Amino acid sequence: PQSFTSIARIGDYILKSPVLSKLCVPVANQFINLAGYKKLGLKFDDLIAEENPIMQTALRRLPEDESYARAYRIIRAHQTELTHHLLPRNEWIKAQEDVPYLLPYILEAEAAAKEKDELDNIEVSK
Amino acid sequence: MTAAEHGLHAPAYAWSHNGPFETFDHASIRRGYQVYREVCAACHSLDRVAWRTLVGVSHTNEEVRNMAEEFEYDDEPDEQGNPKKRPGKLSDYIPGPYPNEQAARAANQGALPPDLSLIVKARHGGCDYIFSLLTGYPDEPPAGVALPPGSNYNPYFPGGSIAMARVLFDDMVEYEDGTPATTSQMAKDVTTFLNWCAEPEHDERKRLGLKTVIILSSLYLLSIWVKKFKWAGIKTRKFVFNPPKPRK
Amino acid sequence: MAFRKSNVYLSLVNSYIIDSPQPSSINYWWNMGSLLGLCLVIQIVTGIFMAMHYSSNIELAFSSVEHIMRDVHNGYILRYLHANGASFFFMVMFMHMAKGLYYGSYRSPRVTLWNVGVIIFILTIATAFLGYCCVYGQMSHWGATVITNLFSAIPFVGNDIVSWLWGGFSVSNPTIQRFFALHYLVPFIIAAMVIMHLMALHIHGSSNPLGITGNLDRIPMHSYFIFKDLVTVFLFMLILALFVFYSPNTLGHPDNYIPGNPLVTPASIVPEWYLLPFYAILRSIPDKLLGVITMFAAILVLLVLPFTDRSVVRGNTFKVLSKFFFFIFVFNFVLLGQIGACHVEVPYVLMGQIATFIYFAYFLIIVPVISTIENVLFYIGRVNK
Amino acid sequence: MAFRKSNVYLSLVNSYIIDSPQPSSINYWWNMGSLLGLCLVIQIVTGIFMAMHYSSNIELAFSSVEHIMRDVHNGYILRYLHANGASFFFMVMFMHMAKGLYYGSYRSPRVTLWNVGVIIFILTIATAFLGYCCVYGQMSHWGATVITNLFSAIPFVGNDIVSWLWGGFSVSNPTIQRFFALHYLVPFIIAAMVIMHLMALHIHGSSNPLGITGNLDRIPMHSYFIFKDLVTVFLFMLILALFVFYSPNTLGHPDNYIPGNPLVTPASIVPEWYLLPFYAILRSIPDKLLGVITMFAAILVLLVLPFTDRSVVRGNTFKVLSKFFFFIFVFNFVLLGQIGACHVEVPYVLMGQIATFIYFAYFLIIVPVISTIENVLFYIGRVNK
Amino acid sequence: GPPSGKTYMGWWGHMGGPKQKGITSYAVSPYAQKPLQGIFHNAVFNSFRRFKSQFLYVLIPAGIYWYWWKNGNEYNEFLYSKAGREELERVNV
Amino acid sequence: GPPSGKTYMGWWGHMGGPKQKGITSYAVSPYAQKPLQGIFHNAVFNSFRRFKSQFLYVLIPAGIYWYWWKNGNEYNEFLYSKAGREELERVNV
Amino acid sequence: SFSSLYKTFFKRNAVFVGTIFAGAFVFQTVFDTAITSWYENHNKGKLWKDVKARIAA
Ligand SMILES: CCCCCCCCCCCCCCCCCC(=O)O[C@@H](COC(=O)CCCCCCCCCCCCCCC)COP(=O)(O)OC[C@H](O)CO
Ligand code: HEM
Ligand code: HEM
Ligand code: HEM
Ligand code: HEM
Ligand code: HEM
Ligand SMILES: COc1c(O)c(C)c(C/C=C(\C)CC/C=C(\C)CC/C=C(/C)CC/C=C(\C)CC/C=C(\C)CCC=C(C)C)c(O)c1OC
Ligand SMILES: COc1c(O)c(C)c(C/C=C(\C)CC/C=C(\C)CC/C=C(\C)CC/C=C(\C)CC/C=C(/C)CCC=C(C)C)c(O)c1OC
């Protein structure tokens, strides 16, 4: 459990800072493409846990095409890992195809739930 | 810790009873019994095992009964309540000169003699440990070490001094052959007999273990084949994704 | 409603054994947990046979153990099976915990299962010590007295509680008899709490090595996983046969085989191999009561382990720094066990204290910060606009 | 949904204990079953606490209870409560079976309950007989010999099974050790089958004294029937305490408090009171295997009662004379036990055959003809053409 | 029988996972196959590939802790050897 | 949990009893009741009625079996009181 | 090569259990005998069978 709004804040802090971002972005992408989920044909959004109710709320708003593609990717990953194999460099997710299709819904749901729970337990102090 | 009293490890010797497909050399246990009883009689107790396991592996039918008749075992009192003396049975336990324990500590000029029925596993190492302890001690302590008056030395044994009287002189065993009168033969005999007494099931244990490992290896290979068989229809199924038509 | 599922007695088995939707990505690590359960019940049944053929009185306790060793058909096999089964039971418990921790199975869906397992461990180490006490050798009752002196460190009262627990200032028939009775009884609580553990498991399901949802595909446990359990238990039984027949008394230590005589302790006294890291965590901290409470904190830190890992992605397969530090942790654990095996002198004390420090620092600090770094790196690397 | 029904353990507790739509016409007879369950639980607890300070040795068994009486604090309480609770358990068990029989609780939706109950009855026949054989008193050895030699009449196998039971070729240490082990263990089997019994009942529900459907009005178990169970168990505890504290030599027989010695013994050897109904019947037909097969018949007649009678109206409350014959049967049961208490002689020996004949005849021939007659009388009375 | 608590996964027919369409499977009986068609290729190539993949995270901590243990052992052995009467007294202060 | 098999009853709300309509119940909040005032009289009347409805069912069988046991015992005194010397022969032969 | 003679033997179920158990019993007996014989003949002299003749004159 860790709020995605804090992640977005740190990300925007890093992205507009020249020297630190220039130092940390090549190691960042090198870590991403050495992680290994790229080979299994997985997008990043398919990996983050989908159990606590806020993630379920985010999932329920996805257009049907994305949900179908996600289900296929999960099934194919399960089948591929069952045989301990890896399909060759044809199903491999390309470098720029790992775009987050699920971040905006997560951020909107985070903001809505956070302000709901903040204003629910509120005081009338000036 | 400090190796001075930690005890240097004895090298792994080669025995007749250290291996996967072996038995006790119980053609010498009939000799180990004699070597034990001739010298260690009034030295230790060993009083833990019975004579029902001493028949068929070290003595055949009769000498065990001769030994039973040889000694008195303090029978039940008669109708007058007076004590008596009786021959021993074939289901009794190996006796000892001490009544129960009192006569031991009085004559040892020091400590008590540990029960040899379990000394084989009572120390680290094992079969070779007792051999090294009874062989490696010199007749003279290392230079600069003045032992307490009346105590001997043993570098292998952690402690560097024992109340053991070094009764290991040769030339007075001579069963019926030329085998005795050298320390190695009697040392091997005593260590094999002590190992047998500590575990009088080695042959049966190894036979049952061989049968068990054979049957479990067969069962394991069988399970391998069947698991690879009935999972073949699920480890090969292929999925094809056709995107649906764009209409909710 | 066929006969299998309509009948309630057969329906209970159907929901558990005959049909249960496990995922299809299960590795060879969950049948290890099933193997844990089966070796547990094997230990229970051989314990029942022992209790059938065992006497606990001091005048006959060693007599009873040597009689079951020697003067009964298939007797020594029972003792060897007990020893090897206990050793394998703790080894497989450690493997189960490692699998649970590495794959992120302590997360929100089965937190309750995690605490149930933690308390199972907390009381099964106790019952293992209690069974170790029942031997009544030259080191078993010795360690029992050690543990009684340890428990005597309760603040504000030192004598009444220890006298009540230990049956007076001496040891007699009631003390050893009650110790044997409680070593007999606690595994029944183990069985009941394991029943609760399986109930929670069946309610909440099972996780996957991929650390992702498993509801997409499922297969029945019977006819697919029953034979995997069969092959893994056949392998376990082959290994157990190898260690029970060819070399039975190797995992244990050559100290228990002495008749009851708490007069002169043997030169080499060490705890059983499944307790060395905790002996190390006790020895490191230079305080008695604080040492006991830090042992208990080391045992119970798994309770506070959840809601401390703020890594968004479940598991540790796709994260490299976290699994590197996890391997550092497990090797630190084995190093702690090894250093606890040896004696206490310079410079072992310094590196043992360092090991305990990095252990607790690992748990309380490093996983949160490295997980936060992992999440922020995940966010920054993908987004290039 | 409330959290009480959310948590799995709490949900099970609520659905099985707190909330249960029991019928609204329940008398004390139905609370008698819960009272018996509580008696069984307290019996297990007090037995466990008794065996903790007990020795399983043959020569240290009677000495063990002697040491409990004379040395341990409140030693008499445990054994007195154990014995009187066993006797009360058996009496309340007979009451429970009679209540089930009279109110027509053996109908189609409860045949499984009847079967599991009669299985509990079968095992309960011996689970305390062997417990009494454990004590090794002045008729305990005789009871052990009777039970071990009843099975010797089986053709082509008469010595192997009795040798297995004897732990040899006679009665020695293996006999008493096995007796104690099984008397300890098999109550856990009782626990298993009573969990099964309660599971089946909770699946199907209880019945009504009226004999009509009870699915009209129900009240929850908690705060309504808990008080009835509480008052019943309070009354039971009061009477049990008064007997155990004031009249110890009332339920049990003063025969077992003498060391086992087949040298001098009186002729006043008779089994405990609850054996007499199934003991007088054995002495009627004069053969060896005939006694065993007629015990089998006398324990199977309780099983043949379902789909035997032809009473379309459940119960006996609203039948003109069937309750009268049921009372004839219960008084015949009591008289058969009492006449079995007396030794064999004319005319009591002659009374044995006729008593057994009536005992079996009610089960076999009386119920169907009386049910058919009652049904036809109802049909002729209700209609006029 | 009252319904149980709300859980993401349930029984057959109500897994709770997202509704999906367009997925096609293709199974075939184990009888019409070779049960060990590729055991050697697996146990050699895939085993070596997995070992190489995991060869970047396991051996480093083992090696560093092995060096630590060996260095401690060397220090212990050197301390109690021709230094215990002059070096061991100035380390136990 | 999962649905069960065939049953003649359910849980609260869907027990399965016959459909009925037109029944009204009441209650008087047992706090404001003062429940028992004639408990002894109520017990006396209930015991009287319960005994009145069950005259013979308890008196007759016990009486007949007491008579049977009395007959057996009196035959015993005709035999087993200084009299067996001249009737045990005809009993046993 | 699997003729009808062998095909017919793969249809009985009610009686096949008893004969398969008897075959298992026979197999375990012969296997025990063979293992005992091999353990006997893998070690001569050490065992107690021939020490009777060794001590015999
Ligand atoms: C010098 C040692 C000799 C040992 C001789 C006895 C053991 C013989 C084992 C079989 C012959 C060797 C064949 C070459 C190695 C095969 C290893 C392997 O991966 O093959 C299969 C292994 O088969 C198993 O199921 C093995 C279960 C392993 C259990 C857990 C690991 C324990 C250690 C196993 C090796 C050692 C076994 C004996 C230990 C004493 C495939 O795995 P799978 O069936 O799970 O399928 C997964 C996937 O499809 C990959 O293709
Ligand atoms: C006859 C030859 C003997 C043999 C084979 C023998 C064997 C042994 C063995 C194996 C031990 C224990 C070694 C170990 O620590 O594992 C031992 C110890 C001992 N023996 Fe002997 N022994 C012999 C003679 C004697 C004699 C004659 C005495 C004196 C009466 C004696 C008294 C003792 C004592 C007192 C100990 C214990 C020492 C201690 O506690 O420090 N032994 N012996
Ligand atoms: C999973 C549970 C258990 C574990 C881990 C366990 C562990 C142990 C251990 C380590 C020993 C020491 C024996 C040795 O060192 O040789 C032991 C002894 C013993 N245990 Fe357990 N035990 C368990 C359950 C039981 C049960 C259920 C019983 C039931 C009676 C039991 C009875 C005994 C007895 C009688 C001994 C002493 C016999 C001997 O020394 O050979 N144990 N146990
Ligand atoms: C000692 C007795 C235990 C038994 C018989 C047992 C049994 C099981 C079983 C059957 C499972 C389902 C997966 C598998 O088969 O492994 C499981 C899962 C699990 N257990 Fe245990 N367990 C025990 C102890 C523990 C303990 C002490 C812990 C504490 C760390 C624990 C934590 C877990 C976790 C986290 C899972 C999740 C695995 C999955 O994702 O399904 N268990 N256990
Ligand atoms: C719930 C079923 C049980 C019944 C009906 C029962 C019955 C009896 C009876 C009647 C006696 C004394 C014999 C006599 O005075 O007539 C006895 C003794 C005893 N029972 Fe049980 N018992 C039961 C369960 C247990 C259990 C679970 C234990 C557990 C340890 C136990 C332990 C003992 C002990 C220690 C004694 C002392 C005398 C003896 O050795 O038999 N009993 N039991
Ligand atoms: C001695 C061990 C027993 C225990 C602990 C036990 C337990 C119970 C319990 C708790 C109930 C619930 C009572 C109610 O519905 O309020 C019950 C009911 C019942 N039992 Fe048992 N029982 C036992 C023996 C038996 C036996 C031997 C039978 C006969 C074979 C039997 C047949 C029944 C029946 C028919 C009911 C339903 C009563 C009704 O609905 O009117 N039980 N039992
Ligand atoms: C996660 O997926 C699952 C899964 O869902 C399940 C259910 C299981 C099944 C779980 C288990 C097999 C483990 C459960 C463990 C137990 C039930 C322990 C049982 C404990 C006991 C004490 C057994 C009780 C038995 C007795 C009390 C009888 C023993 C007494 C005897 C034999 C008396 C002997 C005396 C005489 C005279 C014969 C899995 O293995 C599994 O992984 C694939
Ligand atoms: C269906 O409607 C119901 C109904 O719902 C219920 C609950 C009951 C009531 C049923 C019962 C009371 C029977 C339940 C009994 C059991 C489940 C027995 C289980 C208990 C045990 C097996 C033993 C209990 C174990 C302990 C108490 C562990 C503690 C014991 C010891 C020795 C440890 C303590 C020692 C120390 C040193 C701390 C009914 O009778 C009933 O019908 C009306």
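Numbers and lists here come from the model and the stated rules, or from a named source; nothing here is a laboratory result. Cβ: placed from backbone, ideal geometry, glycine included. Neighbour counts: every protein chain shown.
Report yes if some residue within the stretch D:245-255 is surrounded by fewer than 17 Cβ atoms within 10 Å (Cβ to Cβ), among the aromatic types (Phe, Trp, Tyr) and under 22 Å from the mean Cα position of the chain (by Cα); otherwise report no.
Taking every residue of the stretch D:245-255 in turn, none turns out to be surrounded by fewer than 17 Cβ atoms within 10 Å (Cβ to Cβ), among the aromatic types (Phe, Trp, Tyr) and under 22 Å from the mean Cα position of the chain (by Cα).
Quick one: in the stretch B:200-248, of everything that is of a type in the set (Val, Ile, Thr) and farther than 26 Å from G:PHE31 by Cβ, which residue is nearest to the other protein chains (Cβ to nearest Cβ)? Spell out how you get there, then give the answer.
Residues of the stretch B:200-248 that are of a type in the set (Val, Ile, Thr), as a first pass: B:212-215, B:224, B:226, B:234, B:236, B:240.
With the extra rule that they be farther than 26 Å from G:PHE31 by Cβ, the set shrinks to B:234, B:236, B:240.
Values: B:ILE234: 7, B:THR236: 7, B:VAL240: 5 Å.
In this case the residue turns out to be B:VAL240.
When the residues of the stretch D:67-86 are filtered to those that are within 14 Å of another protein chain (Cβ to nearest Cβ) and within 11 Å of ligand 5 (Cβ to nearest atom), which remaining residue is farthest from D:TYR184 (Cα to Cα)?
D:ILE68
Would you be able to tell me the number of residues in the stretch B:34-66 that are assigned to a helix (DSSP H, G or I) and crowded, with 19+ Cβ neighbours inside 10 Å? Write out each step before concluding.
Applying the first criterion (assigned to a helix (DSSP H, G or I)) to the stretch B:34-66 yields B:34-39, B:63-66.
With the extra rule that they be crowded, with 19+ Cβ neighbours inside 10 Å, the set shrinks to B:35-36.
Number of matching residues: 2.
Name the single residue that is surrounded by the fewest Cβ atoms within 10 Å (Cβ to Cβ) among those in the stretch E:64-88 being basic (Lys, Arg) and more than 17 Å from C:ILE339 (Cα to Cα). It would help to see each step written out before you state the result.
Of the residues in the stretch E:64-88, the ones basic (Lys, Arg) are E:70, E:82, E:85.
Restricting the remaining residues to those that are more than 17 Å from C:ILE339 (Cα to Cα) gives E:82, E:85.
Numbers: E:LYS82: 9, E:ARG85: 7.
Only one residue fits best here, namely E:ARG85.
Taking the stretch D:13-37 only, how many residues are within 14 Å of chain E (Cβ to nearest Cβ) and part of a helix (DSSP H, G or I)?
Residues of the stretch D:13-37 within 14 Å of chain E (Cβ to nearest Cβ): D:13-16, D:18-21.
Still in the list and also part of a helix (DSSP H, G or I): D:13-16, D:18.
Total satisfying the criteria: 5.
Would you confirm whether any residue within the stretch C:142-163 is within 30 Å of E:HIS14 (Cα to Cα) and either more than 13 Å from every other protein chain (Cβ to nearest Cβ) or away from ligand 8 (no atom under 16 Å from the Cβ) (or both)? Spell out the reasoning first.
Taking the stretch C:142-163 first, the residues within 30 Å of E:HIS14 (Cα to Cα) are none.
No: the stretch C:142-163 contains no residue that is within 30 Å of E:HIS14 (Cα to Cα) and either more than 13 Å from every other protein chain (Cβ to nearest Cβ) or away from ligand 8 (no atom under 16 Å from the Cβ) (or both).
Cβ contacts < 8 Å: first residue touching a residue at least 40 places away in the same chain (Cβ under 8 Å), restricted to the stretch B:141-153; second residue in a loop (DSSP other than H, G, I, E, B), any location; separation 6+ or different chain. Result?
B:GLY150/B:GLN109
Residues that are within 16 Å of ligand 2 (Cβ to nearest atom), facing chain B (nearest Cβ under 10 Å) and assigned to a loop (DSSP other than H, G, I, E, B): does the stretch C:236-253 have at least one? Don't jump to the end; show me each part of the working.
Pass one, the stretch C:236-253, residues within 16 Å of ligand 2 (Cβ to nearest atom): C:253.
From what is left, the residues that are facing chain B (nearest Cβ under 10 Å) are C:253.
Going one step further and asking which of them are assigned to a loop (DSSP other than H, G, I, E, B), we end up with C:253.
Looking through the stretch C:236-253, at least one residue is within 16 Å of ligand 2 (Cβ to nearest atom), facing chain B (nearest Cβ under 10 Å) and assigned to a loop (DSSP other than H, G, I, E, B).
Taking only the stretch C:197-213 into account, find how many residues are assigned to a helix (DSSP H, G or I) and either within 11 Å of chain E (Cβ to nearest Cβ) or away from ligand 8 (no atom under 16 Å from the Cβ) (or both). Outline the logic, then answer.
Initial filter on the stretch C:197-213 (assigned to a helix (DSSP H, G or I)): C:197-204.
Those still in the list that are either within 11 Å of chain E (Cβ to nearest Cβ) or away from ligand 8 (no atom under 16 Å from the Cβ) (or both) too: C:197-198, C:200-204.
Residues that pass the stated criteria total 7.
Matching residues to (1) within 16 Å of ligand 1 (Cβ to nearest atom); (2) crowded, with 19+ Cβ neighbours inside 10 Å; (3) in a helix (DSSP H, G or I):
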site: C:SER56; (1), (2), (3): no, yes, no
site: C:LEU60; (1), (2), (3): no, no, yes
site: C:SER63; (1), (2), (3): no, no, yes
site: C:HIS73; (1), (2), (3): no, no, no
site: C:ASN84; (1), (2), (3): yes, yes, yes
site: C:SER87; (1), (2), (3): no, no, yes
site: C:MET93; (1), (2), (3): no, yes, yes
site: C:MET97; (1), (2), (3): no, no, yes
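Considering only residues that are surrounded by fewer than 19 Cβ atoms within 10 Å (Cβ to Cβ) and of a type in the set (A, V, I, L, M, F, W, C), look in the stretch B:174-212 and name the one that is nearest to ligand 5 (Cβ to nearest atom).
B:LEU208
Inspect all residues belonging to the stretch D:186-203 and state whether any of them is touching a strand residue (DSSP E or B) at 6+ places or on another chain (Cβ under 9 Å) and of a type outside the set (D, E, K, R). Before you say what the answer is, go through the steps one by one.
Step one: filter the stretch D:186-203 for residues touching a strand residue (DSSP E or B) at 6+ places or on another chain (Cβ under 9 Å), giving none.
No: zero hits.
Given the condition outside any helix (DSSP H, G or I) and surrounded by 14 or more Cβ atoms within 10 Å (Cβ to Cβ), answer yes or no: does some residue in the stretch D:165-179 qualify?
From the stretch D:165-179, those outside any helix (DSSP H, G or I) are D:167-172; that's our starting set.
Right, trim to surrounded by 14 or more Cβ atoms within 10 Å (Cβ to Cβ) and you get D:167, D:171.
Yes - at least one qualifying residue is present in the stretch D:165-179.
Would you call D:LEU10 part of a helix (DSSP H, G or I), within 12 Å of chain C (Cβ to nearest Cβ), more than 16 Å from ligand 1 (Cβ to nearest atom) and surrounded by fewer than 18 Cβ atoms within 10 Å (Cβ to Cβ)? So that I can check it myself, show each step before the final result.
On the way: part of a helix (DSSP H, G or I): yes; within 12 Å of chain C (Cβ to nearest Cβ): yes; more than 16 Å from ligand 1 (Cβ to nearest atom): yes; surrounded by fewer than 18 Cβ atoms within 10 Å (Cβ to Cβ): yes.
Against the criterion (part of a helix (DSSP H, G or I), within 12 Å of chain C (Cβ to nearest Cβ), more than 16 Å from ligand 1 (Cβ to nearest atom) and surrounded by fewer than 18 Cβ atoms within 10 Å (Cβ to Cβ)), D:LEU10 qualifies.
So which pairs qualify, if the first residue must be in the stretch F:70-93 and within 20 Å of D:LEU335 (Cβ to Cβ), the second must be aromatic (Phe, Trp, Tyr), the Cβ gap must be under 9 Å, and the two must be at least 6 apart or on different chains?
Between residues of the stretch F:70-93 that are within 20 Å of D:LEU335 (Cβ to Cβ) and residues that are aromatic (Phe, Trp, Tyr), the close pairs are F:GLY72/D:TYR348; F:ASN76/D:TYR348.
In the stretch D:38-59, is there at least one residue being among the aromatic types (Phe, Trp, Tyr), within 14 Å of chain C (Cβ to nearest Cβ) and more than 16 Å from ligand 3 (Cβ to nearest atom)?
The answer is yes, given that some residue of the stretch D:38-59 is among the aromatic types (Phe, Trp, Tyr), within 14 Å of chain C (Cβ to nearest Cβ) and more than 16 Å from ligand 3 (Cβ to nearest atom).
At the interface with another protein chain (Cβ under 7 Å from one of its Cβ atoms), out of contact with any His (no Cβ under 9 Å at 6 or more places or on another chain) and under 18 Å from A:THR83 (Cα atoms): which single residue out of E:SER4, E:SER29 fits that description?
Just one listed residue meets the conditions, E:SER29.
Let's see how each residue does on (1) more than 16 Å from ligand 3 (Cβ to nearest atom); (2) β-branched (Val, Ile, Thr):
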residue	(1), (2)
C:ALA191	no, no
C:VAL194	no, yes
C:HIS204	yes, no
C:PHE225	yes, no
C:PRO254	no, no
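Based on this model, can you work out whether D:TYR274 counts as in contact (Cβ under 8 Å) with a residue 24 or more places away in the chain and either outside any loop (DSSP other than H, G, I, E, B) or within 16 Å of ligand 4 (Cβ to nearest atom) (or both)? First the steps, then the outcome.
On the way: in contact (Cβ under 8 Å) with a residue 24 or more places away in the chain: yes; either outside any loop (DSSP other than H, G, I, E, B) or within 16 Å of ligand 4 (Cβ to nearest atom) (or both): yes.
Answer is yes for this residue.
Among the residues of the stretch B:182-191, are any part of a loop (DSSP other than H, G, I, E, B) and either more than 16 Å from ligand 3 (Cβ to nearest atom) or assigned by CATH to the domain that holds B:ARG31 (or both)?
Filtering the stretch B:182-191 for residues part of a loop (DSSP other than H, G, I, E, B) gives B:182.
Then keep just the ones that are either more than 16 Å from ligand 3 (Cβ to nearest atom) or assigned by CATH to the domain that holds B:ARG31 (or both); that gives B:182.
Checked against the condition, which is being part of a loop (DSSP other than H, G, I, E, B) and either more than 16 Å from ligand 3 (Cβ to nearest atom) or assigned by CATH to the domain that holds B:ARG31 (or both), the stretch B:182-191 yields at least one hit.
Here is a list: B:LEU134, B:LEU112. Which entry is assigned by CATH to the domain that holds B:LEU54 and surrounded by 18 or more Cβ atoms within 10 Å (Cβ to Cβ)? Even if it seems obvious, please write down each step before you answer.
Details: B:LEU112 fails: surrounded by 18 or more Cβ atoms within 10 Å (Cβ to Cβ).
On inspection, the qualifying residue turns out to be B:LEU134.
So which residues in the stretch D:169-189 are closer than 15 Å to C:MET52 by Cβ, more than 16 Å from ligand 3 (Cβ to nearest atom) and without any contact (Cβ under 8 Å) to a residue 60 or more places away in the chain, if there are any at all?
Selection gives D:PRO174, D:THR175, D:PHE179.
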